[PDB]
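A.B. asks: Sharing a structure below in structure tokens format, with a few things to ask.
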Amino acid sequence: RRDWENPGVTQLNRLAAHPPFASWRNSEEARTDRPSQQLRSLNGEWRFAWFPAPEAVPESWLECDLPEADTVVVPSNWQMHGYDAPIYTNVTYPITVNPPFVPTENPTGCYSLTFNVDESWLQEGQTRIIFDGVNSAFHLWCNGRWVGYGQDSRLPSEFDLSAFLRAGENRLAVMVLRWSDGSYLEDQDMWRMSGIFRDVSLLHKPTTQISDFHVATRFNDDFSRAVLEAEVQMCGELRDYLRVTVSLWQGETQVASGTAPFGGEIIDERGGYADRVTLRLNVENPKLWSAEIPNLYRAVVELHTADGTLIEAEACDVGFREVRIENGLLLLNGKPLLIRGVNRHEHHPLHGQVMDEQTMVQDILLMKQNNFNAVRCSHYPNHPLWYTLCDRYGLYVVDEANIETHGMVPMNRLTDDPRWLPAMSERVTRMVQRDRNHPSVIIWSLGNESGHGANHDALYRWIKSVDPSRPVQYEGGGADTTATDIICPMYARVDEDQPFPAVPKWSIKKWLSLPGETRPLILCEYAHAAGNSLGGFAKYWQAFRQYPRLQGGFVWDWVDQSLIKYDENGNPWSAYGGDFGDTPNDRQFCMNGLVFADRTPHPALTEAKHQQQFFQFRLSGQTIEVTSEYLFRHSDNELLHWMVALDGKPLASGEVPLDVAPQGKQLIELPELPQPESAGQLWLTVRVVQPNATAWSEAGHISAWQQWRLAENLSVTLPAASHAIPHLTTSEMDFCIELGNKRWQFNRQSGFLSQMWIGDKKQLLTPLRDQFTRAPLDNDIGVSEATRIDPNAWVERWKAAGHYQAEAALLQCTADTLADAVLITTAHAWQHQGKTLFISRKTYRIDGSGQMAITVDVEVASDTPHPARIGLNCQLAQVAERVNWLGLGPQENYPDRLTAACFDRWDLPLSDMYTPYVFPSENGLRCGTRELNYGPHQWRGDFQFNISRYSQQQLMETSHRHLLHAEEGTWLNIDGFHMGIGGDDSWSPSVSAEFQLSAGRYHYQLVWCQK
Amino acid sequence: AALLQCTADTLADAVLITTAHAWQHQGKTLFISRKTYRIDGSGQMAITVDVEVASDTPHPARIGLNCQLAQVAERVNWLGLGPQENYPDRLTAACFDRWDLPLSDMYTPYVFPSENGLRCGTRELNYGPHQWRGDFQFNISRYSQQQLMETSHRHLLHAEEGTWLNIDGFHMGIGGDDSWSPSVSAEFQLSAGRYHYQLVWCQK
Ligand SMILES: O=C1O[C@H](CO)[C@H](O)[C@H](O)[C@H]1O
Ligand SMILES: [Mg+2]
Ligand SMILES: [Mg+2]
Ligand code: NA
Ligand code: NA
Ligand code: NA
Ligand code: NA
Ligand code: NA
């Protein structure tokens, strides 16, 4: 019947969806959430065999293990074991678009397991098997007998095996299909894999059982009083002696308990539900749940007899919180939320899409440590443990249905088709039935990029009807359709409108006030962190803080989707689209995370942490005003450390305890600061430190910081006259300046300083020349599809203008001797096919003190695309271990992404001055630098710089970081100016006007000398 | 202005004058101006100005040069934004072109006297035998900035001997969102800390 090519059949013999069950036969264990003997894991070693199509599977496999099969670990994606290649494609379906058909060559994975089952499980009750995740469709057999079928890769499929099992040894046989009609609803921009990638278990339930239960919590006006309501449903034979007891616990203290026989209130003309009962428990002064303080209670649902015999128990963590939209604002416990969130895919560099507790916890810790309080399940229901962790650690979750049909034309072709309503409804309804009891889930999502169809409006209302406790959102069709309670655009800009036809992305500030609009606005996706990105991030947060209805958003995204591969030497390297022979593919577009696949931070993470701080500061005189953005907690684990320094040198510091109420302010007056010893700029730096450790952080964790320029004393003291005078040696091909053991050689043909000698040691490997280009960042290249070549992308404009090909032409090179120095004057014109792109005029002044002052004045043709940078570069013959500088740091920072950086004296090993982006590009820059020290060299002025063993040329021509090779010496790039990196999105020019080098005329001056 | 440095150097085809000043008050150095005047064999004086402004002093109204020329001409010819008065935050209406107006039109008769008549984005200015080139803002009239701020009514102003010229590399916005509180937007305040501008003064 080829059930995998029929959207009308999404499952066969599958049991109803429901909340997590464990079937405890001991209440104490249900209360403490301890392991349950009635819930067995079948994870471990299984037998697996790969076939090109389901037609190639031998019938023998159904009742006997195939000798050709291997023993593999489950859960797992078979591509990760090497049976076939994982495919990375963004929008374009990996299969021919011809719904509901899939290729005849359909990779088939045949799993089998021989396991034991005790007669005690078969003599009484029900024994069911549970597959938390199978990609993307499968048929189940038990002891050679066909059991059922299932679809939807991100929700569990359960089947009753009570009639197929036998005492002793049993054998399962699962035929998993890579492609099915369900694949048409799973076109998310991520690796395309398959297999039994989530847990498999066996659950025993009594015949008379708790089949479902819903927990709700409503409050009075000030939340000082609450009522917990628990509806419980049963299956089996109804008896007058059956009872249901629901008890609520706060730690070891039982707070409330209620018992009642089955039989619900009258529903309609035919009566009520005799197989259901609702318990209502009163709770005074409940400890409220929030991401700030994840207070949790434990609800225990007991099914028992009047005489006191327990039949079974279920339970869940309960969080007392209310979520509602009122007067245009998303409120939590009556307070307007400010969503500091991020999108997070279930990705592991080695295991693929198999999630483990360790990785989940690591992500959560890093998230909260970096001031995030929310996560969006892009774009499907997550591993069940995820919700438990967000419940306990405290993170707001947007639970999203596994529905994305991005590759359709138009996007809503399937979702506006009633023939697909069934398949869609199951992805939404089964998600709600599974996760509705988790307090962490505060918003439901109908899926992602499936345009907007009538099926969306239908399912939108279904959720509103069955679960009024959570708002529903969906971005397809314009981000503001009738299928969403929240305006949730993706990559809508802060001030700039993008009037696309039919589905415009208005600037978020303008979106809010459109005629008749009243809903709150939270971007489901923004600040695309692909590579060297997050430029302009601060602009979003200034807006979020000023506009009440702009309530944040979810950064895209958390972690790069790179996979581990091994080279000839067997060493691991990070791969992306196309590295597995997968084609078509969208290359590096799968890496858009704030952290690398191994969870190592990208520089952008710190910019995020800074902007998302929960404490805001203002300086007036010597008074620091600290405002709290927390909505529920007082700052009872915060200490403010302040430090004043004169250009890096510490002059004074202290620490004051913070005691600010949520939404409150605290005034802190700094003691009279001693007068700076010399000239320079005083800088005030304050940091909020958490003295005590928490569930998500260690003692001494820094949660917020800010800097301010205080008094400055301009140096009016002119240096002493030098002893010796530099000597000029004019030759036909060179202008050589001599001063003691030092020598500067300027080539008269090129007009560039080609070499420097300190004694007999050459200082340069490459001449000091102007540079107006950079190894293009992901945002410069701007393609979300490898097949598309955007001529409007910055890199194409630069290439087309000849910026990368431009040749310097000497216009002038003269030398002059002054009273105490030698003045070299130069002028170069950079041209491309007759067009003069840039003109650089310089003067080099080498005085008796051995300093070479370099003054640069550049002209940029107003009609050529604004240059990526304006500076100089050279290859220093030396390679030192450290880099020391006075400026912004310690991490990499660009013009539109430097708010998190602080002005101070920084010292790091040379390696840290290079950011290992998987896709190489310009990186490691540090801005606002007044002094740079490397080996014997020292550069002064006001510039931006990067330094490493990789020339811009190699970075630009190398596709993977692991293929880079340390060049001889050290490449230095010092820019008087540098263009912004952008990032609002990575498929169109995103660098804001203020960060484009459009001034036409630029001036900067550097001083090069010996340290 | 406290003189920090004043030197002279003879080059191949030019004389170089280097200077450094520090404007202070109550022992506080407010600004520091470093310049070089390069007069070559063609009679052109290239002036390069680099100024430092203490970060803790209120941003200055302008960063430029001024002098009182002895000559009094009838016309003012310039290549820049015009023909009317325009300031950094009020120049969208002005157009770049060759403008030529009588001296009187370069003065805006506000009843209450103040800085007036500025014209921005000027690459060339001509007055009498003089010509200034670069990329500056300027106002030119028979009234000094001093007289303007000391005189309450326009009818009390008296033409001073010669002509007062104010060539600025940078000028603060004029604001106006209201007239009873600071209203000059941030992007129009001279807060860069270090400013650079150059001019070429010659005869025509
Ligand atoms: O709009 C989007 O942008 C991202 C680009 O990396 C990613 O494809 C998301 O899944 C999609 O919703
Ligand atoms: Mg089907
Ligand atoms: Mg997509
Ligand atoms: Na807001
Ligand atoms: Na992507
Ligand atoms: Na505190
Ligand atoms: Na590259
Ligand atoms: Na006046």
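Protein chains in written order, with full-length UniProt numbering: chain A, 14 to 1024; chain B, 821 to 1024. C-beta: ideal position from N, C-alpha, C; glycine also.
(1) Rounded C-beta distance between B:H1016 and B:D876? I'm assuming under 8 Å.
(2) Spatial neighbours of A:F64 within its chain, please: CB distance less than 6 Å, with the 5 preceding and 5 following residues excluded, ordered by chain position.
(3) Any C-beta of chain B sitting closer than 7 Å to the C-beta of A:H879?
(4) Closer than 6 Å to a non-hydrogen atom of ligand 8 - does that hold for the CB of B:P929?
(5) Check distances from the C-beta atoms of the segment 936-958 of chain A to those of chain B and list, in chain order, the residues that come in under 8 Å.
(6) If distances are taken between C-alpha atoms only, which option among A:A414, A:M604, A:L427 comes closest to A:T102?
(7) Runs of 4 residues minimum, wholly inside the segment 367-444 of chain A: which ones carry the alpha helix (DSSP H) assignment?
(8) Taking any heavy atom of ligand 6 as the mark, which residues have a C-beta closer than 7 Å to it, listed down the chain?
(9) Using a threshold of 7 Å, state whether the C-beta atoms of A:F956 and A:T942 are closer than that.
(10) Would you decide whether A:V568 is buried or exposed? Buried here means 16 or more other CB atoms lie within 10 Å of its CB.
(11) My output table needs one value for B:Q844: the three-state DSSP class, helix, strand or coil.
(12) Identify the contact partners of B:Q846 in chain C, using a Cβ-Cβ distance below 7 Å as the criterion.
(13) Which residues count as close to ligand 3 when the rule is a CB under 7 Å from any of its heavy atoms, in chain order?
(14) Let me confirm a value: B:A828 is counted as buried when at least 16 other C-beta atoms fall within 10 Å, else exposed. Which label applies?
(15) Any residues in the segment 691-712 of chain A with a beta carbon nearer than 8 Å to a beta carbon of chain B? Which ones, in chain order?
(16) Could you say which of A:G181, A:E935, A:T779 lies nearest to A:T983 if we only look at CA atoms?
(17) Check distances from the C-beta atoms of the segment 720-741 of chain A to those of chain B and list, in chain order, the residues that come in under 9 Å.
(18) Following the continuous alpha helix (DSSP H) through A:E41, name the residue where it begins and the one where it ends.
(19) Assuming A:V257 and A:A273 make a contact with CB atoms under 8 Å, what is their CB distance in whole Å?
(20) Just to confirm the assignment: which complete beta strand (DSSP E) runs, minimum length 3, are found wholly within the segment 925-971 of chain A?
(21) The alpha helix (DSSP H) with A:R179 in it runs from where to where?
(22) Looking only at DSSP bridge pairs, what is A:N156 linked to?
(23) Quick one: is the Cβ of A:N605 within less than 6 Å of any heavy atom of ligand 1?
(24) B:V1004: which of B:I994, B:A1012, B:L1010 sits nearest, CA to CA?
(25) Just reading off the alpha helix (DSSP H) that A:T619 is part of, what are its end residues?
(26) Can you tell me whether A:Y106 is helix, strand or coil according to DSSP?
(27) Figure out for me which residue from A:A82, A:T45, A:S54, A:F759 has the closest Cα to the Cα of A:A62.
(28) What in chain A is Cβ-close to B:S875, meaning under 7 Å?
(29) Since A:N886 is in the beta strand (DSSP E), which residue starts that stretch and which ends it?
(30) How is the beta strand (DSSP E) around A:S260 delimited, first residue to last?
(31) Between the Cα of A:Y927 and those of A:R918, A:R910, A:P903, spot the shortest distance and give me the residue it belongs to.
(32) How is B:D876 classed by DSSP in three states: helix, strand or coil?
(33) Can you give, in chain order, each stretch of the beta strand (DSSP E) that sits fully within the segment 123-170 of chain A and has at least 3 residues?
(34) Give the single residue among A:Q965, A:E171, A:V699 whose Cα lies nearest to the Cα of A:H623.
(35) What did DSSP end up calling A:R918 once you bin it into helix, strand or coil?
(36) What residues from chain A crowd round B:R858, counting only those whose CB sits closer than 9 Å?
C.D. replies: This is what the structure holds:
(1) Their Cβ separation, rounded to whole angstroms, is 21 Å, which puts B:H1016 and B:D876 out of contact at 8 Å.
(2) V70, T121
(3) no
(4) no
(5) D955
(6) A:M604
(7) 370-382, 397-406
(8) A:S648, A:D649, A:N650, A:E651, A:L652, A:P670, A:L671, A:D672
(9) yes
(10) buried
(11) strand
(12) Absent from the structure: chain C. Protein chains present are A and B.
(13) A:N103, A:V104, A:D200, A:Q201, A:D202, A:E417, A:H419, A:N461, A:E462
(14) exposed
(15) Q694
(16) A:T779
(17) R722, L723, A724, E725, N726, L727, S728, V729, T730, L731
(18) 40-44
(19) 6 Å
(20) 939-947, 950-961
(21) Unbroken run through A:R179: none, as it is neither H nor E.
(22) Note: A:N156 sits in no beta bridge, so no partner.
(23) yes
(24) B:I994
(25) 617-624
(26) coil
(27) A:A82
(28) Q694, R722, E725
(29) 882-889
(30) 255-263
(31) A:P903
(32) coil
(33) 139-144, 150-155, 158-164
(34) A:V699
(35) strand
(36) Ordered by position in chain A, no residue passes the 9 Å Cβ test against B:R858, which lies about 11 Å from the chain.
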